file protein.cif (mmCIF, C-alpha atoms)
data_model
#
loop_
_atom_site.label_atom_id
_atom_site.label_comp_id
_atom_site.auth_asym_id
_atom_site.auth_seq_id
_atom_site.Cartn_x
_atom_site.Cartn_y
_atom_site.Cartn_z
CA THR P 1 13.00 -23.36 -16.43
CA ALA P 2 10.87 -26.50 -16.24
CA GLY P 3 8.45 -27.88 -13.65
CA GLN P 4 6.58 -31.08 -12.80
CA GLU P 5 7.88 -34.07 -14.89
CA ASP P 6 4.36 -35.45 -14.01
CA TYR P 7 2.94 -33.36 -16.94
CA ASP P 8 4.76 -35.78 -19.31
CA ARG P 9 2.53 -38.70 -18.05
CA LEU P 10 0.36 -40.12 -20.88
CA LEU B 2 8.71 -37.41 -44.50
CA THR B 3 11.80 -37.59 -46.80
CA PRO B 4 15.09 -35.99 -45.50
CA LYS B 5 16.16 -32.74 -47.25
CA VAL B 6 19.98 -32.48 -47.12
CA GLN B 7 22.21 -29.43 -47.86
CA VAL B 8 26.07 -29.49 -47.85
CA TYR B 9 27.97 -26.22 -47.00
CA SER B 10 31.17 -24.76 -45.42
CA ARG B 11 31.48 -22.46 -42.35
CA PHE B 12 34.09 -20.00 -43.79
CA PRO B 13 34.74 -19.13 -47.52
CA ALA B 14 36.84 -22.02 -48.98
CA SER B 15 40.65 -21.50 -49.15
CA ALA B 16 43.57 -23.84 -50.04
CA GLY B 17 45.78 -24.83 -47.07
CA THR B 18 43.47 -23.05 -44.56
CA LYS B 19 41.42 -24.67 -41.72
CA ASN B 20 37.62 -24.83 -42.33
CA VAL B 21 34.48 -26.56 -40.93
CA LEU B 22 32.38 -28.74 -43.31
CA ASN B 23 28.67 -28.88 -42.37
CA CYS B 24 25.94 -31.33 -43.49
CA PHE B 25 22.40 -30.34 -42.38
CA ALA B 26 19.35 -32.61 -42.89
CA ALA B 27 15.81 -31.50 -41.88
CA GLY B 28 12.22 -32.76 -42.22
CA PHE B 29 12.53 -36.53 -41.67
CA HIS B 30 10.79 -39.42 -39.80
CA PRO B 31 11.69 -41.91 -38.17
CA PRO B 32 14.43 -39.94 -36.26
CA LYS B 33 17.07 -42.69 -36.99
CA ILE B 34 19.49 -41.26 -39.63
CA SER B 35 23.09 -42.01 -40.83
CA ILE B 36 24.79 -38.69 -41.83
CA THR B 37 28.53 -39.09 -42.66
CA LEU B 38 31.00 -36.57 -44.22
CA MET B 39 33.60 -38.03 -46.63
CA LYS B 40 36.85 -37.11 -48.47
CA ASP B 41 37.33 -38.94 -51.87
CA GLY B 42 34.62 -41.44 -50.78
CA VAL B 43 36.38 -42.19 -47.45
CA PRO B 44 34.81 -40.92 -44.12
CA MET B 45 36.41 -37.89 -42.36
CA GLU B 46 37.88 -37.96 -38.80
CA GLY B 47 36.52 -35.62 -36.09
CA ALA B 48 32.76 -35.80 -36.84
CA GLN B 49 30.53 -33.96 -34.31
CA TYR B 50 27.00 -35.49 -34.13
CA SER B 51 24.83 -32.90 -32.29
CA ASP B 52 21.82 -33.22 -31.83
CA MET B 53 18.27 -34.74 -32.00
CA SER B 54 15.79 -31.81 -32.22
CA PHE B 55 12.41 -31.30 -33.97
CA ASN B 56 10.67 -28.30 -35.64
CA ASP B 57 7.13 -26.85 -34.97
CA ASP B 58 5.59 -29.42 -37.41
CA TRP B 59 7.24 -32.36 -35.45
CA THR B 60 9.89 -32.80 -38.24
CA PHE B 61 13.42 -33.70 -37.00
CA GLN B 62 16.69 -31.85 -37.85
CA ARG B 63 20.38 -32.88 -37.48
CA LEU B 64 23.71 -31.01 -37.96
CA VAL B 65 26.99 -32.97 -38.46
CA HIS B 66 30.26 -30.95 -38.62
CA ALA B 67 34.02 -31.76 -38.82
CA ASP B 68 37.21 -29.61 -39.03
CA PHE B 69 39.16 -30.11 -42.32
CA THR B 70 41.68 -28.57 -44.80
CA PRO B 71 40.55 -28.18 -48.49
CA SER B 72 42.97 -29.60 -51.11
CA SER B 73 43.01 -29.38 -54.94
CA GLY B 74 42.15 -32.63 -56.75
CA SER B 75 40.23 -34.10 -53.77
CA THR B 76 36.38 -34.20 -53.74
CA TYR B 77 34.31 -33.64 -50.55
CA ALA B 78 30.76 -35.07 -50.18
CA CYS B 79 28.05 -36.06 -47.62
CA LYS B 80 26.32 -39.50 -47.42
CA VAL B 81 22.78 -39.83 -45.93
CA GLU B 82 21.17 -43.26 -45.24
CA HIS B 83 17.42 -43.50 -44.43
CA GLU B 84 14.67 -46.19 -44.53
CA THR B 85 12.40 -43.91 -46.66
CA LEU B 86 15.17 -43.08 -49.22
CA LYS B 87 15.93 -46.73 -50.35
CA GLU B 88 19.03 -45.45 -52.29
CA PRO B 89 21.56 -43.39 -50.21
CA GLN B 90 21.53 -39.67 -51.19
CA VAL B 91 25.00 -38.14 -51.79
CA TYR B 92 25.44 -34.32 -51.87
CA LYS B 93 28.72 -33.00 -53.36
CA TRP B 94 30.44 -29.91 -51.84
CA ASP B 95 32.00 -27.37 -54.23
CA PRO B 96 34.58 -24.73 -53.10
CA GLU B 97 33.57 -22.38 -55.99
CA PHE B 98 29.73 -22.76 -55.60
CA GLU F 1 10.68 -7.51 -28.13
CA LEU F 2 9.28 -11.01 -28.96
CA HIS F 3 10.93 -13.53 -26.56
CA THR F 4 10.50 -17.34 -26.83
CA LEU F 5 11.35 -20.48 -24.76
CA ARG F 6 11.16 -24.10 -26.04
CA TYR F 7 11.78 -27.47 -24.31
CA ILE F 8 12.25 -30.16 -27.00
CA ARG F 9 11.98 -33.72 -25.55
CA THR F 10 12.32 -36.94 -27.61
CA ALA F 11 11.85 -40.58 -26.45
CA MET F 12 13.13 -43.11 -29.05
CA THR F 13 12.95 -46.90 -29.68
CA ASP F 14 15.65 -46.94 -32.45
CA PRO F 15 18.23 -44.14 -31.74
CA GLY F 16 19.96 -46.23 -33.32
CA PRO F 17 23.61 -47.43 -33.06
CA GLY F 18 25.70 -45.74 -30.34
CA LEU F 19 23.17 -42.89 -29.91
CA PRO F 20 20.98 -41.74 -26.94
CA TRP F 21 17.27 -42.74 -26.69
CA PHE F 22 16.16 -39.74 -24.54
CA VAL F 23 17.23 -36.09 -25.17
CA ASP F 24 16.05 -32.78 -23.61
CA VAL F 25 17.15 -29.52 -25.33
CA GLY F 26 16.28 -25.99 -24.11
CA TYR F 27 16.16 -22.73 -26.13
CA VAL F 28 16.08 -18.94 -25.43
CA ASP F 29 15.01 -16.76 -28.47
CA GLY F 30 16.22 -19.54 -30.85
CA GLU F 31 19.70 -19.83 -29.25
CA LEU F 32 20.59 -23.11 -27.43
CA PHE F 33 21.30 -22.84 -23.66
CA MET F 34 20.67 -26.28 -22.03
CA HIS F 35 21.22 -29.95 -23.13
CA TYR F 36 20.46 -33.45 -21.71
CA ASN F 37 21.58 -36.97 -22.79
CA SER F 38 20.30 -40.50 -21.89
CA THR F 39 23.82 -41.98 -21.31
CA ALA F 40 25.33 -38.87 -19.58
CA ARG F 41 22.19 -38.27 -17.37
CA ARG F 42 23.19 -34.60 -16.66
CA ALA F 43 21.71 -31.22 -17.75
CA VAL F 44 24.64 -28.92 -18.73
CA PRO F 45 24.79 -25.23 -19.91
CA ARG F 46 25.84 -24.48 -23.54
CA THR F 47 26.32 -20.65 -23.55
CA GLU F 48 28.45 -18.45 -21.21
CA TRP F 49 25.63 -16.00 -20.21
CA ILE F 50 23.62 -18.82 -18.51
CA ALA F 51 26.56 -20.58 -16.70
CA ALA F 52 27.89 -17.28 -15.19
CA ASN F 53 24.40 -16.18 -13.95
CA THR F 54 23.24 -19.53 -12.39
CA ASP F 55 24.33 -21.69 -9.39
CA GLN F 56 25.26 -25.44 -9.39
CA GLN F 57 22.25 -26.23 -7.10
CA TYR F 58 19.98 -24.87 -9.91
CA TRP F 59 21.48 -27.30 -12.51
CA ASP F 60 21.33 -30.20 -9.97
CA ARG F 61 17.58 -29.45 -9.45
CA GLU F 62 17.03 -29.22 -13.27
CA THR F 63 18.78 -32.58 -14.02
CA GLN F 64 16.75 -34.31 -11.22
CA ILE F 65 13.37 -33.26 -12.77
CA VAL F 66 14.56 -34.00 -16.37
CA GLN F 67 15.74 -37.56 -15.41
CA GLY F 68 12.24 -37.99 -13.88
CA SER F 69 10.74 -37.18 -17.33
CA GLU F 70 13.19 -39.75 -18.87
CA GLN F 71 11.62 -42.58 -16.76
CA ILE F 72 8.05 -41.22 -17.33
CA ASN F 73 8.46 -40.99 -21.17
CA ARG F 74 9.99 -44.53 -21.13
CA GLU F 75 6.64 -45.76 -19.65
CA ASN F 76 4.65 -43.72 -22.28
CA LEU F 77 6.69 -45.48 -25.04
CA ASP F 78 5.28 -48.84 -23.73
CA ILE F 79 1.76 -47.65 -22.63
CA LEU F 80 0.94 -46.10 -26.07
CA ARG F 81 2.48 -49.17 -27.83
CA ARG F 82 -0.21 -51.41 -26.21
CA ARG F 83 -3.00 -48.84 -27.01
CA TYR F 84 -2.25 -49.07 -30.79
CA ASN F 85 -1.61 -52.89 -30.35
CA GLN F 86 2.00 -52.69 -31.65
CA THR F 87 4.93 -55.00 -30.71
CA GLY F 88 7.85 -52.57 -31.29
CA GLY F 89 9.82 -51.00 -34.15
CA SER F 90 10.24 -47.29 -34.97
CA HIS F 91 8.09 -45.39 -32.42
CA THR F 92 8.84 -41.94 -30.94
CA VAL F 93 7.29 -39.68 -28.24
CA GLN F 94 7.79 -35.90 -28.82
CA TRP F 95 7.17 -33.11 -26.26
CA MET F 96 6.70 -29.32 -26.69
CA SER F 97 6.86 -27.04 -23.60
CA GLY F 98 7.40 -23.31 -22.97
CA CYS F 99 5.90 -19.80 -23.18
CA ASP F 100 6.07 -16.66 -25.42
CA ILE F 101 6.38 -12.98 -24.36
CA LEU F 102 4.71 -10.74 -26.99
CA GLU F 103 5.77 -7.12 -27.83
CA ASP F 104 2.75 -5.66 -25.91
CA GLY F 105 3.28 -8.02 -22.94
CA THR F 106 0.77 -10.87 -23.49
CA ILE F 107 1.36 -14.44 -22.17
CA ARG F 108 1.30 -17.39 -24.63
CA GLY F 109 1.90 -20.74 -22.89
CA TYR F 110 1.98 -24.09 -24.74
CA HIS F 111 2.13 -27.80 -23.75
CA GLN F 112 1.95 -30.20 -26.75
CA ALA F 113 2.73 -33.93 -27.29
CA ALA F 114 3.15 -36.17 -30.39
CA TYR F 115 3.43 -39.91 -31.23
CA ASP F 116 5.18 -41.14 -34.46
CA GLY F 117 5.26 -37.61 -35.99
CA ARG F 118 1.50 -37.06 -35.41
CA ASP F 119 -0.11 -34.78 -32.74
CA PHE F 120 -1.40 -36.72 -29.68
CA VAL F 121 -2.43 -34.24 -26.89
CA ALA F 122 -2.36 -30.40 -26.65
CA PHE F 123 -3.16 -28.21 -23.60
CA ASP F 124 -5.84 -25.48 -23.93
CA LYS F 125 -5.47 -22.49 -21.55
CA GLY F 126 -8.70 -20.66 -22.53
CA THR F 127 -10.76 -23.81 -21.74
CA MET F 128 -8.54 -25.27 -18.89
CA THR F 129 -8.78 -28.76 -20.55
CA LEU F 130 -6.43 -31.16 -22.42
CA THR F 131 -7.38 -31.52 -26.13
CA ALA F 132 -7.23 -35.09 -27.56
CA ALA F 133 -6.37 -35.42 -31.29
CA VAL F 134 -6.48 -39.25 -31.75
CA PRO F 135 -9.13 -41.70 -30.23
CA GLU F 136 -6.12 -43.33 -28.41
CA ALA F 137 -5.49 -39.98 -26.57
CA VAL F 138 -8.83 -40.30 -24.66
CA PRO F 139 -7.36 -42.40 -21.70
CA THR F 140 -4.67 -39.64 -21.38
CA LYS F 141 -7.41 -36.95 -20.90
CA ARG F 142 -9.17 -39.21 -18.29
CA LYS F 143 -5.94 -39.44 -16.20
CA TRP F 144 -5.52 -35.62 -16.37
CA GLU F 145 -9.06 -34.80 -15.09
CA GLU F 146 -8.87 -37.55 -12.37
CA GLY F 147 -6.07 -35.70 -10.51
CA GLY F 148 -4.39 -32.28 -10.58
CA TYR F 149 -2.68 -31.31 -13.86
CA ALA F 150 -4.64 -28.40 -15.49
CA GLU F 151 -4.47 -26.05 -12.43
CA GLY F 152 -0.73 -26.66 -11.86
CA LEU F 153 0.22 -26.04 -15.53
CA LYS F 154 -1.58 -22.64 -15.57
CA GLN F 155 0.39 -21.59 -12.42
CA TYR F 156 3.61 -22.82 -14.18
CA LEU F 157 3.18 -21.48 -17.78
CA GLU F 158 1.72 -18.04 -16.84
CA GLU F 159 4.07 -17.44 -13.84
CA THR F 160 7.14 -19.82 -13.42
CA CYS F 161 7.92 -19.92 -17.22
CA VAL F 162 7.55 -16.09 -17.66
CA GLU F 163 9.42 -15.10 -14.41
CA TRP F 164 12.62 -16.91 -15.49
CA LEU F 165 12.35 -16.00 -19.25
CA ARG F 166 12.44 -12.30 -18.15
CA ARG F 167 15.75 -13.05 -16.33
CA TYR F 168 17.28 -14.87 -19.39
CA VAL F 169 16.75 -11.74 -21.57
CA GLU F 170 18.59 -9.72 -18.84
CA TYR F 171 21.39 -12.38 -18.53
CA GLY F 172 21.95 -12.76 -22.30
CA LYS F 173 21.33 -9.09 -23.24
CA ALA F 174 24.84 -8.81 -24.81
CA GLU F 175 24.72 -12.25 -26.56
CA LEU F 176 21.20 -12.03 -28.14
CA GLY F 177 21.55 -8.28 -28.84
CA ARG F 178 24.87 -8.78 -30.73
CA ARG F 179 24.89 -8.70 -34.57
CA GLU F 180 27.25 -10.60 -36.92
CA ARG F 181 28.19 -9.55 -40.51
CA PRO F 182 28.06 -12.33 -43.19
CA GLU F 183 30.86 -13.12 -45.70
CA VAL F 184 29.16 -12.97 -49.14
CA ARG F 185 30.69 -14.86 -52.13
CA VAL F 186 29.11 -14.74 -55.64
CA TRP F 187 29.73 -17.90 -57.77
CA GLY F 188 28.81 -19.34 -61.21
CA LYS F 189 28.47 -22.66 -63.12
CA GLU F 190 28.01 -23.83 -66.77
CA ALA F 191 26.06 -27.01 -67.70
CA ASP F 192 24.04 -27.18 -71.01
CA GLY F 193 23.72 -23.60 -72.31
CA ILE F 194 22.54 -22.44 -68.84
CA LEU F 195 24.69 -20.12 -66.65
CA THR F 196 23.69 -20.95 -63.04
CA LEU F 197 24.71 -18.16 -60.58
CA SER F 198 25.11 -18.81 -56.81
CA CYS F 199 25.16 -16.55 -53.71
CA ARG F 200 26.54 -17.87 -50.38
CA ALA F 201 26.43 -16.00 -47.03
CA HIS F 202 28.86 -17.21 -44.31
CA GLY F 203 28.31 -16.84 -40.53
CA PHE F 204 25.54 -14.26 -39.65
CA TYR F 205 23.46 -13.41 -36.49
CA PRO F 206 20.43 -13.05 -35.95
CA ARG F 207 18.62 -15.79 -37.99
CA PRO F 208 16.27 -13.51 -40.14
CA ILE F 209 17.87 -12.68 -43.54
CA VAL F 210 16.49 -11.47 -46.93
CA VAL F 211 18.67 -12.62 -49.88
CA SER F 212 17.42 -11.76 -53.41
CA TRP F 213 18.90 -11.67 -56.96
CA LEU F 214 18.87 -8.46 -59.07
CA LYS F 215 18.98 -8.16 -62.90
CA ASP F 216 19.66 -4.58 -64.22
CA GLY F 217 18.86 -3.17 -60.74
CA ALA F 218 15.47 -4.96 -60.45
CA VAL F 219 14.34 -7.65 -57.93
CA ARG F 220 13.77 -11.09 -59.58
CA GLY F 221 11.72 -12.93 -56.94
CA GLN F 222 9.91 -15.88 -58.71
CA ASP F 223 13.08 -16.95 -60.62
CA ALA F 224 15.62 -17.44 -57.72
CA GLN F 225 15.60 -20.76 -55.77
CA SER F 226 16.64 -20.64 -52.07
CA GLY F 227 18.03 -23.48 -49.93
CA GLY F 228 16.96 -22.04 -46.56
CA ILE F 229 18.59 -20.55 -43.43
CA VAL F 230 20.85 -23.44 -42.25
CA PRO F 231 22.72 -23.22 -38.87
CA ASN F 232 26.48 -23.63 -38.16
CA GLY F 233 28.29 -25.54 -35.36
CA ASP F 234 29.22 -22.35 -33.43
CA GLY F 235 25.61 -21.03 -33.26
CA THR F 236 25.81 -18.69 -36.30
CA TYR F 237 23.80 -19.11 -39.59
CA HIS F 238 24.37 -19.78 -43.37
CA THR F 239 22.16 -19.38 -46.52
CA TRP F 240 22.35 -20.46 -50.21
CA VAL F 241 20.38 -18.71 -53.03
CA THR F 242 20.75 -19.84 -56.71
CA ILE F 243 19.43 -18.49 -60.09
CA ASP F 244 19.48 -19.65 -63.78
CA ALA F 245 20.73 -17.16 -66.44
CA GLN F 246 21.96 -16.91 -70.09
CA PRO F 247 25.73 -17.44 -70.81
CA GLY F 248 27.57 -14.10 -71.09
CA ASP F 249 25.12 -12.24 -68.79
CA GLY F 250 26.91 -12.86 -65.44
CA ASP F 251 28.05 -9.24 -64.81
CA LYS F 252 24.53 -7.68 -65.12
CA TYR F 253 23.28 -9.99 -62.27
CA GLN F 254 23.93 -8.88 -58.63
CA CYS F 255 23.17 -10.47 -55.21
CA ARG F 256 21.34 -8.29 -52.62
CA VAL F 257 21.77 -9.19 -48.91
CA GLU F 258 19.45 -7.61 -46.27
CA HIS F 259 20.62 -8.11 -42.64
CA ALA F 260 20.26 -6.48 -39.16
CA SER F 261 24.09 -6.04 -38.89
CA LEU F 262 24.16 -3.90 -42.10
CA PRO F 263 22.77 -0.30 -41.88
CA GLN F 264 21.90 -0.45 -45.64
CA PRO F 265 21.44 -3.52 -47.98
CA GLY F 266 24.69 -4.73 -49.54
CA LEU F 267 24.91 -5.28 -53.33
CA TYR F 268 27.48 -7.92 -54.42
CA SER F 269 28.66 -8.93 -57.93
CA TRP F 270 30.74 -11.88 -59.32
CA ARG F 271 33.59 -9.72 -60.79
CA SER F 272 33.45 -7.10 -57.91
CA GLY F 273 33.80 -9.72 -56.30
CA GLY F 274 31.76 -10.51 -53.19
CA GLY F 275 33.65 -9.25 -50.13
CA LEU F 276 34.61 -6.44 -50.22
#
call {"tool": "encode", "arguments": {"input": "protein.cif", "output": "structure tokens"}}
result
Amino acid sequence: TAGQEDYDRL
Amino acid sequence: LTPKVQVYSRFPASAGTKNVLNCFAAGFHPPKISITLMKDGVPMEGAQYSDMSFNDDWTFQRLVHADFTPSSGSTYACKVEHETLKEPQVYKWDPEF
Amino acid sequence: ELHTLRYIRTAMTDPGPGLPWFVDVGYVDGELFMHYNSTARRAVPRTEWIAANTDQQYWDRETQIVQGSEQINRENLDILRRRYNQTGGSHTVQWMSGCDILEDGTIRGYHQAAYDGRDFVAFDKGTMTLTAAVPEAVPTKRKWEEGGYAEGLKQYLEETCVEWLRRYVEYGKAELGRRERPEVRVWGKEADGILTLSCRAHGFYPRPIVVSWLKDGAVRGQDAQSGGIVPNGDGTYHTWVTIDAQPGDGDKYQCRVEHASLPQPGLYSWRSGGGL
């Protein structure tokens, strides 16, 4: 149960 | 970050009975690894490569398994090729150990 | 009562031959439930308790957000490469995501990242800031405080992560609660005046196991060398514990296996022999 793929942004 | 390999069977070894041969390697980097199961020095058919996963200390782990039938006189082993190893590590499987 | 969820993500440069570059694997209390591949581009269920309790629109929503991470981590593989002034070779981007439900009922959310097997950035919930480990992780922190990332993650880890984890325990109550009995076999070998005794346990669930050797009904801790709890292809586990002894002293040595499936610890000998 994952969310915003934006939190992977480095 | 040198790979630690361990060769083992799913069910207790029996002659003329279906069994799954497993080769587990953990604690290695880079994640690129060549794990192959072999019968008498020749690779085995039906290898299941699944899957790229890391531990809490960012160290990778991989499980390779294939369905086989143990036979007397034939030797079963696992070959692991890595850039850190230099020489390929071979772990022999024993039905009575 | 301790429940855990982990989202393992790996972005690779050298997979290498005929292997995927991006993989996303999900876990519930150690057991695998979801899997993603770079060539397949679809998030699929592994166990039966998750597939029978979820809709197809749920999995279509999950694969859409995971393929979004695939493109984002592909950029990070190039952005970080220029930060360290590298051309390309063997570089990997690792991602840790999920939350823990303690026995008392305390939330424990975590969001960690790593580059080339070394920690890059970790999220702090008690400070509401992103912790930088390497001086190259400073521009990452700057991007996070420029927009909205810290507020959204707290609303996700403390609520969204926990709300669904509570449902997974209810869905897989029969699967995770089930206990499997291992098949114990006691072996031996002779080399150069040393009688090496082996103890192998085949297919047990759950993962925690206590395997120890006993000489004359006494625990010999120091002496026995263990291989570790290694997993099988069908989800179950295996362990290998070995000890060195004198030749002609095999019968006085016995393997003790402590498991959740057994009401009392099982004592196994070579001549007994093993099971049952």
call {"tool": "interface_residues", "arguments": {"input": "protein.cif", "of": "chain B", "to": "chain F", "cutoff": "9 Å", "atoms": "only C-alpha atoms", "output": "number ranges by chain"}}
result
B: 7, 9-13, 21, 23, 25, 30-34, 49, 51-60, 64-66, 97-98
call {"tool": "interface_residues", "arguments": {"input": "protein.cif", "of": "chain F", "to": "chain P", "cutoff": "7 Å", "atoms": "all atoms listed in the file", "output": "short mmCIF file (atom, residue, chain, number, x, y, z; two decimals) with C-alpha atoms, keeping the file's coordinate frame"}}
result
data_model
loop_
_atom_site.label_atom_id
_atom_site.label_comp_id
_atom_site.auth_asym_id
_atom_site.auth_seq_id
_atom_site.Cartn_x
_atom_site.Cartn_y
_atom_site.Cartn_z
CA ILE F 65 13.37 -33.26 -12.77
CA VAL F 66 14.56 -34.00 -16.37
CA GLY F 68 12.24 -37.99 -13.88
CA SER F 69 10.74 -37.18 -17.33
CA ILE F 72 8.05 -41.22 -17.33
CA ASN F 73 8.46 -40.99 -21.17
CA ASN F 76 4.65 -43.72 -22.28
CA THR F 140 -4.67 -39.64 -21.38
CA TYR F 149 -2.68 -31.31 -13.86
CA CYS F 161 7.92 -19.92 -17.22
CA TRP F 164 12.62 -16.91 -15.49
#
call {"tool": "resolve_selection", "arguments": {"input": "protein.cif", "expression": "the PyMOL selection byres ((chain F and resi 195) around 9)", "output": "PyMOL selection string"}}
result
chain F and resi 188-194+196-197+243-250
call {"tool": "write_last_selection", "arguments": {"input": "protein.cif", "atoms": "C-alpha atoms", "output": "compact mmCIF listing (two decimals), keeping the file's coordinate frame"}}
result
# COMPACT_ATOMS: atom_id res chain seq x y z
CA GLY F 188 28.81 -19.34 -61.21
CA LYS F 189 28.47 -22.66 -63.12
CA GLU F 190 28.01 -23.83 -66.77
CA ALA F 191 26.06 -27.01 -67.70
CA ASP F 192 24.04 -27.18 -71.01
CA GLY F 193 23.72 -23.60 -72.31
CA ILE F 194 22.54 -22.44 -68.84
CA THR F 196 23.69 -20.95 -63.04
CA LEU F 197 24.71 -18.16 -60.58
CA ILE F 243 19.43 -18.49 -60.09
CA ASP F 244 19.48 -19.65 -63.78
CA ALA F 245 20.73 -17.16 -66.44
CA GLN F 246 21.96 -16.91 -70.09
CA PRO F 247 25.73 -17.44 -70.81
CA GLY F 248 27.57 -14.10 -71.09
CA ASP F 249 25.12 -12.24 -68.79
CA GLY F 250 26.91 -12.86 -65.44
call {"tool": "atom_distance", "arguments": {"input": "protein.cif", "atom1": "CA of residue 255 (chain F)", "atom2": "CA of residue 273 (chain F)"}}
result
10.7 Å
call {"tool": "atom_distance", "arguments": {"input": "protein.cif", "atom1": "CA of residue 163 (chain F)", "atom2": "CA of residue 111 (chain F)"}}
result
17.4 Å
call {"tool": "resolve_selection", "arguments": {"input": "protein.cif", "expression": "the PyMOL selection byres ((chain B and resi 73) around 10)", "output": "list in words"}}
result
residues 16, 17, 71, 72, 74, 75, 76 and 96 of chain B
call {"tool": "write_last_selection", "arguments": {"input": "protein.cif", "atoms": "C-alpha atoms", "output": "mmCIF file, in the coordinates of the input"}}
result
data_model
loop_
_atom_site.group_PDB
_atom_site.id
_atom_site.type_symbol
_atom_site.label_atom_id
_atom_site.label_comp_id
_atom_site.auth_asym_id
_atom_site.auth_seq_id
_atom_site.Cartn_x
_atom_site.Cartn_y
_atom_site.Cartn_z
ATOM 1 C CA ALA B 16 43.570 -23.840 -50.040
ATOM 2 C CA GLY B 17 45.780 -24.830 -47.070
ATOM 3 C CA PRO B 71 40.550 -28.180 -48.490
ATOM 4 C CA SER B 72 42.970 -29.600 -51.110
ATOM 5 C CA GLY B 74 42.150 -32.630 -56.750
ATOM 6 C CA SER B 75 40.230 -34.100 -53.770
ATOM 7 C CA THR B 76 36.380 -34.200 -53.740
ATOM 8 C CA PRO B 96 34.580 -24.730 -53.100
#
call {"tool": "residues_near_point", "arguments": {"input": "protein.cif", "point": "(12.2, -14.6, -30.6)", "cutoff": "7 Å", "atoms": "all atoms listed in the file", "output": "VMD selection string"}}
result
chain F and resid 2 to 4 29 to 30
call {"tool": "resolve_selection", "arguments": {"input": "protein.cif", "expression": "the PyMOL selection byres ((chain B and resi 43) around 12)", "output": "list in words"}}
result
residues 37, 38, 39, 40, 41, 42, 44, 45, 46, 75, 76, 77, 78, 79 and 80 of chain B
call {"tool": "atom_distance", "arguments": {"input": "protein.cif", "atom1": "CA of residue 207 (chain F)", "atom2": "CA of residue 257 (chain F)"}}
result
13.1 Å
